[PDB]
Amino acid sequence: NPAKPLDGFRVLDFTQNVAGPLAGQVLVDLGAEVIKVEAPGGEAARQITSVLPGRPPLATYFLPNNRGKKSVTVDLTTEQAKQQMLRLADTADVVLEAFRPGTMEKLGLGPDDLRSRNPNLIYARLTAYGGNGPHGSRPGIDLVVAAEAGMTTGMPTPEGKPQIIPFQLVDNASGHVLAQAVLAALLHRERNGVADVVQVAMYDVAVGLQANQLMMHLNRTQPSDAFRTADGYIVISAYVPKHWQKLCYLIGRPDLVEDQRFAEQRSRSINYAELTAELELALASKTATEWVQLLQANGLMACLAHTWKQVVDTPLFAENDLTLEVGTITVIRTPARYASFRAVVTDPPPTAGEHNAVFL
Amino acid sequence: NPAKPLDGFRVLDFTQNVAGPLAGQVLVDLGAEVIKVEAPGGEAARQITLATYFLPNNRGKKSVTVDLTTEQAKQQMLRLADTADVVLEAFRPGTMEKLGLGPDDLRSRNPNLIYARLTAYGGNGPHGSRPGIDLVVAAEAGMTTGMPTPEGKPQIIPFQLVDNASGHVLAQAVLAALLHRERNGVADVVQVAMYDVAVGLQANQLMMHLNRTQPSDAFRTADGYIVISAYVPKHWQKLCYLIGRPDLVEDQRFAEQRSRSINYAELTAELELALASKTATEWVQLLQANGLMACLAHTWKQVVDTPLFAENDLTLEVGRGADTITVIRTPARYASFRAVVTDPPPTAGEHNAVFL
């Protein structure tokens, strides 16, 4: 019922898989009409399912990021689709595209093709590596882009194998950055009358996520770690003088405050190895849950390293109202929250080509 | 010279550390006037060196120095907010209210003011009231799951992904709010919790517990590891011929995609047997020439020197002539204007005279 930021805006979404569609989902949550353009028979990600005992399989990649969207089914190689897409684009505020560089141009749907017809059209491109040269022309997925951008650095594994982060951080981060860039473009148009071309590379996002560590190499705080306890590990960050002193008294080790090895913070960094040893000797007297309870009650930053299975059952997780029901299946909402409207949609994903008679 | 999306907008930035200032930096790049509010001595992050935390996210901002506990600074902030379009704040829940600078305090005076709050855990109740930093929020949101360590220690990701992702999400939400105000006349309160962002980055992994593909990994070679993803039927087949193992294509253990996943341990031994005859660099060259996804697992020291890194124009220089400092630009790019700034960070309190 209440107004949403993007009411009245129409988005043509050519993207597949996760990053581009998440950006589409963010736009939907903000009130835009987002029209998926899929290959005949539907997007391939519709078929990639996970087993749910006693129930139809769950399209774990497709369903969460295409709720409340509309769908047209079209074969982009034929002349008929080209014309339908050109007519559909004349009515659009935004085009979202995530093919590898050069594709849309070969189809006759490039930024120049579409923008010559519609001077108010915002054109947004998401690629793996940028399309700025020969090395950046390649297709990629999360796992390979993450590793090529350096995200395995400094994480030792038992076998000496590079550590591969087991969630799709580059995809999901890229989705939000693209959404950000579309929003900026919409504002640019609204205020200045300029309809822009926007480009986001997953590689650039990944580099950005590691910017501080990368920076030391562009130019030729303890205790803050996980620690053994009597039972399980505890994560503690207490390196600011007030917190550090507080910590030493709380674990029953006042001697550490004035120990010349640990008294100043720089000493804590140089003698970092000795410090974790002293802390773990002291932390041995309680379980991690007990230490977490004690340290938090005294205003120190500490927590358990929860597993995914544990996270979803914590009181904090329940408190933040992070889930929605899609008719039933449970999914996670987009992170940004607003007071004057709810940035969620209850609608299910569209069936493949559901709105062909409506838009073609 | 050319118009920028946020020309004419003024932002009041109370944020510290990485997450919030990154959002401010995006706003600067998009043309906004962003005014930092710092402690009298200057933000603490100015001193944590050389300055890996402060310099990259505060270029082109202006700076005022004030002690927020005093009534004089309180009044100065209230007058300044009367002129502002956006407030960015990243203290723990309840803090700004205690200073008399909460959303109702500021929005009562300025009905067009957008108020944006970045917290660690949300502030929606008792559990989400705590302060936090990247490392602790990441572990509490589940980001150590499924990563085995030599010593059995939980694996802590050594870069600030939750901070930097949160900044972009905040920037996104501020942009949405600006459009909301522009089109619907609503000046909103915006909230982004780092925990919520962290949950979102892991959404598919979390989702399996709310309701209920090979080869794609790193592999040993003669020298170094190679990362390969070739699990799609057409790609799987190409890989087998290129590494000299046509027998693997029809091998009952590996012929179907589901089989490769079940027998991934055997698959890995067979693949590494073949990959042992060449260096990782050699395999990357060969596999890419044939349209397969493969790369080295570069270190940070290596990434910066690659031809790919150079192609994408990812760095900018801060200062003039010699002894400039190199930083990384924000990722989104635009044709009608450059989302970059040359200007250096402000000195502590540099604009005290102009704003207070």
Side-chain angles (χ1 to χ4, degrees), chain A residues 16-20 44-45 47-48 60-61 98-101 126-130 135-153 155 157 161-174 201-203 205-206, chain B residues 146-147 204-205 213-221 224-233 235-243 245 248-249 254-255 257 259-272 274-275 278 280-284 286-298 303 306 308:
Chain A
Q16 301 168 61
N17 306 316
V18 174
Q47 298 307 85
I48 307 308
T60 166
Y61 298 102
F99 299 124
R100 78 184 66 179
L126 178 59
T127 68
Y129 298 105
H135 299 100
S137 67
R138 300 157 15 227
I141 54 160
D142 182 281
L143 185 148
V144 175
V145 172
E148 188 162 0
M151 288 182 162
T152 69
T153 305
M155 292 194 275
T157 61
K161 183 192 189 179
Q163 179 73 259
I164 302 287
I165 295 162
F167 54 89
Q168 290 68 71
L169 73 150
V170 170
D171 278 351
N172 293 313
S174 290
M202 279 167 62
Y203 182 78
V205 177
Chain B
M147 293 195 277
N204 295 318
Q205 288 70 33
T213 46
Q214 297 303 318
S216 197
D217 210 326
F219 303 95
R220 296 184 71 80
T221 77
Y225 275 82
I226 188 182
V227 178
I228 298 170
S229 189
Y231 63 96
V232 161
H235 293 172
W236 164 245
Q237 292 161 13
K238 227 183 287 198
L239 176 67
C240 294
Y241 293 108
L242 286 173
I243 67 177
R245 297 289 312 269
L248 294 182
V249 177
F254 312 123
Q257 184 168 334
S259 302
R260 293 201 281 280
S261 294
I262 293 176
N263 307 127
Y264 67 100
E266 287 175 285
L267 179 53
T268 298
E270 294 289 347
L271 293 176
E272 294 186 325
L275 294 172
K278 292 167 153 59
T281 300
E282 289 163 347
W283 285 121
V284 161
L286 176 66
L287 265 35
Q288 285 187 356
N290 287 271
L292 297 182
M293 296 177 191
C295 67
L296 301 177
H298 301 287
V303 169
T306 66
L308 171 61

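These numbers come from the heavy atoms of this one structure, side chains and all, not from hydrogens, waters or symmetry mates. Throughout, protein chains are lettered first and strands after them, A, B, ... in sequence-line order, and every chain is numbered starting at 1.
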Please evaluate residues B/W236 and B/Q214 with respect to the criterion side-chain contact (heavy atoms from CB on, under 4.5 Å), reporting the C-alpha separation (whole Å), side-chain torsions for both, the decisive distance (0.1 Å), and the verdict. CA-CA 9 Å; B/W236 164 245; B/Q214 297 303 318; over 6 Å; no

Can you check whether B/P215 reaches B/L239 side chain to side chain, under 4.5 Å on heavy atoms? yes

Roughly how far, to the nearest 0.5 Å, is the CE atom of B/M147 from the OG1 atom of A/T157? 11.5 Å

Under the side-chain contact (heavy atoms from CB on, under 4.5 Å) rule, what do B/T221 and B/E282 come out as? Steps first, then yes or no, please. CA-CA 10 Å; B/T221 77; B/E282 289 163 347; over 6 Å; no

Determine the minimum heavy-atom distance between A/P101 and A/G136, stating which atoms define it. CG-O, 4.4 Å

If you measure from CG on A/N172 to CG on A/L169, what distance do you get to the nearest 0.5 Å? 8.0 Å

Do the side chains of B/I226 and B/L275 get nearer than 4.5 Å, heavy atoms only? yes

Spacing of B/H298 atom NE2 and A/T152 atom OG1 [to the nearest 0.5 Å]: 9.5 Å

Is any side-chain heavy atom of A/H135 less than 4.5 Å from a side-chain heavy atom of B/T306? no

Is the closest side-chain heavy-atom distance between A/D142 and A/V18 below 4.5 Å? no

Taking every non-hydrogen atom, the tightest pair across B/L248 and B/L271: CD1-CD2, 4.5 Å

Non-hydrogen side-chain atoms of A/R138 and A/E148 separated by less than 4.5 Å: yes

Within the structure provided, determine whether A/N17 and A/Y61 are in side-chain contact (heavy-atom separation under 4.5 Å). no

Does a side-chain heavy-atom distance below 4.5 Å link A/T153 with B/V303? no

Shortest non-hydrogen contact from B/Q257 to B/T213? NE2-CG2, 3.2 Å

Shortest non-hydrogen pair, B/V249 vs B/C240, comes out as CG2-CB, 3.6 Å

Are A/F167 and A/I165 close enough that some pair of their side-chain heavy atoms sits under 4.5 Å apart? yes

B/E272, CD atom: more than 12 neighbouring heavy atoms under 6.0 Å: yes

What do the steps show when you test A/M202 against A/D171 for side-chain contact (heavy atoms from CB on, under 4.5 Å), and what is the final call? CA-CA 7 Å; A/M202 279 167 62; A/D171 278 351; 3.2 Å; yes

In terms of heavy-atom contacts, B/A280 and B/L296 come closest through CB-CD2, 3.5 Å

Could you go through the side-chain contact (heavy atoms from CB on, under 4.5 Å) check for B/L292 and B/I228 one step at a time? CA-CA 8 Å; B/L292 297 182; B/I228 298 170; over 6 Å; no

Measure the spacing between CG of B/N263 and OG1 of B/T268 and express it to the nearest 0.5 Å. 10.5 Å

Where do B/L308 and A/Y129 come nearest, in terms of heavy atoms and distance? CD2-CD2, 3.7 Å

Separation of A/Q16 CD from A/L126 CG (nearest 0.5 Å): 12.0 Å

Output the distance between atom CZ (B/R260) and atom CD1 (B/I262), rounded to the nearest 0.5 Å. 12.0 Å

